[PDB]
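Novice: One structure follows; several queries about it will come next.
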Amino acid sequence: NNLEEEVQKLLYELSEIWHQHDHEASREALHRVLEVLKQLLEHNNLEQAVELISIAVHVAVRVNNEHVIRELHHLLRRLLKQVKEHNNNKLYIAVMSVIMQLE
């Protein structure tokens with residue numbers, strides 16, 4: 001399945017950036033993930049958006065990319081709205097935990 005495979009690759013890329021403190025790789029990877037998150041939200045792929053935004057938050061905080069942090073605040077706003085409208089209690093708590101880690 002092309003979408004799951006690609007999300008899994010994006011998660012791996014960001015995970016390796018986080019473990020290696022790879023500041024050089026991070027800016028390109030974070031901008032890409034920001035665009036993927038917006039698509040995922042548009043197509044109501046909320047499970048995958050939650051797993052990707054969590055590792056995106058970890059990386060953005062670790063490398064202190066203040067622009068991406070600001071963008072992630074907005075995407076978290078939208079994601080929380082969308083998980084609440086779909087009444088998904090497990091996703092709600094996951095998004096809250098990410099919000100608490102970004103803050």
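Chains: A, B, ... in order of the structure tokens. Residues: from 1 per chain. Ligands: from 1, in order shown.
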Find the spatial neighbours of stretch 40-45 of chain A, counting only C-alpha atoms, within a cut-off of 9 Å - ignore same-chain residues fewer than 3 positions away - and output them as a PyMOL selection string.
Specialist: chain A and resi 35-37+48-50+75+78-79+82
Novice: Neighbouring residues of residue A:93 were defined as those with any atom within 12 Å, considering only C-alpha atoms; residues of the same chain fewer than 5 positions away were excluded. Please report them as number ranges by chain.
Specialist: A: 50, 79-80, 83-84, 87-88, 98-100
Novice: Take the residues just selected and output them with N, CA, C and O atoms as a PDB file, in the first residue's frame.
Specialist:
```
ATOM      1  N   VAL A  50      -1.450  11.775  13.095  1.00  0.00           N
ATOM      2  CA  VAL A  50      -1.029  11.759  14.503  1.00  0.00           C
ATOM      3  C   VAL A  50       0.353  11.122  14.640  1.00  0.00           C
ATOM      4  O   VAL A  50       1.224  11.656  15.337  1.00  0.00           O
ATOM      5  N   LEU A  79      -5.668  19.495  13.666  1.00  0.00           N
ATOM      6  CA  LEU A  79      -5.798  18.070  13.946  1.00  0.00           C
ATOM      7  C   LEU A  79      -6.678  17.820  15.157  1.00  0.00           C
ATOM      8  O   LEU A  79      -7.525  16.914  15.146  1.00  0.00           O
ATOM      9  N   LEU A  80      -6.480  18.599  16.229  1.00  0.00           N
ATOM     10  CA  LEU A  80      -7.326  18.428  17.404  1.00  0.00           C
ATOM     11  C   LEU A  80      -8.793  18.667  17.058  1.00  0.00           C
ATOM     12  O   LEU A  80      -9.666  17.868  17.425  1.00  0.00           O
ATOM     13  N   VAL A  83      -9.973  15.514  15.085  1.00  0.00           N
ATOM     14  CA  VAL A  83     -10.180  14.300  15.872  1.00  0.00           C
ATOM     15  C   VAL A  83     -11.385  14.473  16.790  1.00  0.00           C
ATOM     16  O   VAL A  83     -12.137  13.515  17.025  1.00  0.00           O
ATOM     17  N   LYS A  84     -11.634  15.693  17.292  1.00  0.00           N
ATOM     18  CA  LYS A  84     -12.795  15.868  18.158  1.00  0.00           C
ATOM     19  C   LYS A  84     -14.090  15.732  17.366  1.00  0.00           C
ATOM     20  O   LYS A  84     -15.063  15.150  17.860  1.00  0.00           O
ATOM     21  N   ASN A  87     -14.889  12.210  17.049  1.00  0.00           N
ATOM     22  CA  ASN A  87     -15.191  11.579  18.337  1.00  0.00           C
ATOM     23  C   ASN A  87     -14.270  10.400  18.607  1.00  0.00           C
ATOM     24  O   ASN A  87     -14.692   9.372  19.144  1.00  0.00           O
ATOM     25  N   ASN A  88     -13.005  10.535  18.227  1.00  0.00           N
ATOM     26  CA  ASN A  88     -12.069   9.422  18.334  1.00  0.00           C
ATOM     27  C   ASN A  88     -11.309   9.616  19.639  1.00  0.00           C
ATOM     28  O   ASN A  88     -10.336  10.365  19.681  1.00  0.00           O
ATOM     29  N   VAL A  98       0.941  15.036  22.240  1.00  0.00           N
ATOM     30  CA  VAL A  98       1.830  15.792  21.354  1.00  0.00           C
ATOM     31  C   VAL A  98       1.781  17.277  21.682  1.00  0.00           C
ATOM     32  O   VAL A  98       2.814  17.954  21.750  1.00  0.00           O
ATOM     33  N   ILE A  99       0.582  17.813  21.860  1.00  0.00           N
ATOM     34  CA  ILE A  99       0.472  19.225  22.218  1.00  0.00           C
ATOM     35  C   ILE A  99       1.269  19.514  23.483  1.00  0.00           C
ATOM     36  O   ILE A  99       1.970  20.534  23.583  1.00  0.00           O
ATOM     37  N   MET A 100       1.204  18.606  24.452  1.00  0.00           N
ATOM     38  CA  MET A 100       1.917  18.829  25.700  1.00  0.00           C
ATOM     39  C   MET A 100       3.430  18.722  25.500  1.00  0.00           C
ATOM     40  O   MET A 100       4.202  19.407  26.190  1.00  0.00           O
TER      41      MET A 100
END
```
Novice: Would you pick out the contacts of stretch 54-64 of chain A at 6 Å or less, using only C-alpha atoms, so that residues sharing its chain but fewer than 3 positions from it are not included, and give the list as a VMD selection string?
Specialist: chain A and resid 18 23 51 98
Novice: What would the file look like if the residues just selected were written as a PDB file, in the first residue's frame with N, CA and C atoms?
Specialist:
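Once written, again-v6.pdb looks like this:
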```pdb
ATOM      1  N   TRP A  18      16.188  12.546  14.404  1.00  0.00           N
ATOM      2  CA  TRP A  18      16.132  12.791  15.841  1.00  0.00           C
ATOM      3  C   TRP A  18      17.294  12.102  16.558  1.00  0.00           C
ATOM      4  N   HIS A  23      21.040  18.150  12.194  1.00  0.00           N
ATOM      5  CA  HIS A  23      20.488  19.480  11.923  1.00  0.00           C
ATOM      6  C   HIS A  23      20.456  19.768  10.428  1.00  0.00           C
ATOM      7  N   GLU A  51       0.596   9.977  13.979  1.00  0.00           N
ATOM      8  CA  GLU A  51       1.905   9.361  14.197  1.00  0.00           C
ATOM      9  C   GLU A  51       3.011  10.225  13.585  1.00  0.00           C
ATOM     10  N   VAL A  98       0.941  15.036  22.240  1.00  0.00           N
ATOM     11  CA  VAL A  98       1.830  15.792  21.354  1.00  0.00           C
ATOM     12  C   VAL A  98       1.781  17.277  21.682  1.00  0.00           C
TER      13      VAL A  98
END
```
Novice: Could you tell me which of A:102, A:68, A:46, A:53 comes closest to residue A:26 if we count only C-alpha atoms?
Specialist: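 With only C-alpha atoms as the atom set, the closest residue is A:68.
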